[PDB]
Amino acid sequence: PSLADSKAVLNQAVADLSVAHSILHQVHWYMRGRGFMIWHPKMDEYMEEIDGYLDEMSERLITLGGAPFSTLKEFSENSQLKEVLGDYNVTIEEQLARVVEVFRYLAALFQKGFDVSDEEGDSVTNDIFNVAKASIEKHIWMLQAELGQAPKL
């Protein structure tokens, strides 16, 4: 049932990235406070990057003979990420920490994806997860730096 878990983790990523995109969009829209003018457009950049991973991962899953999740209901039910109603009263520091938590989870997911693909010998999938992990971890450093903190990976 070849590359069963590589396919499974690719599909887990499809759901998680779909929710991550929704969370980033909420931060983008609901953001208020000093720093808005830099961080609001920054969320657009992050979203575009996340969308990039979604399409690389979902393509790779299809290529491997899988069937990507492709309804909001599948994304919601399969994602390990939780969403809450939007709220303008959240601080900038609080909004950025939420993004850090989302990104820490993605970097962990991508590590799992890297591990599982390596074990099954799916080196193409392995590379996709490694590249994505690398960038997310770099963003974790930068976001944490803004927050006067070490990356603490």
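Residue numbers here begin at 1 and follow the sequence given.
Participant: Of the two stretches 56-64 and 87-95, which shows the higher Cα B-factor on average in the entry?
Facilitator: Looking at the record's C-alpha B-factors, the answer is 87-95.
Participant: Tell me, lowest, middle or highest third: where does the Cα B factor of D115 rank within its chain?
Facilitator: For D115, whose C-alpha B-factor we compare with every modelled residue in the chain, the answer is the highest third.
Participant: Taking the chain's C-alpha temperature factors as the reference, tell me which third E101 falls into: lowest, middle or highest.
Facilitator: Its C-alpha B-factor, which the entry lists for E101, ranks in the highest third among residues of this chain.
Participant: Ranking every modelled residue in this chain by its Cα temperature factor as given in the entry, which third contains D51?
Facilitator: Ranked within chain, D51 CA B lands in the lowest tercile.
Participant: Lowest, middle or highest third: which one holds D122 when the chain's residues are ordered by CA B-factor from the entry?
Facilitator: Middle third by C-alpha B-factor.
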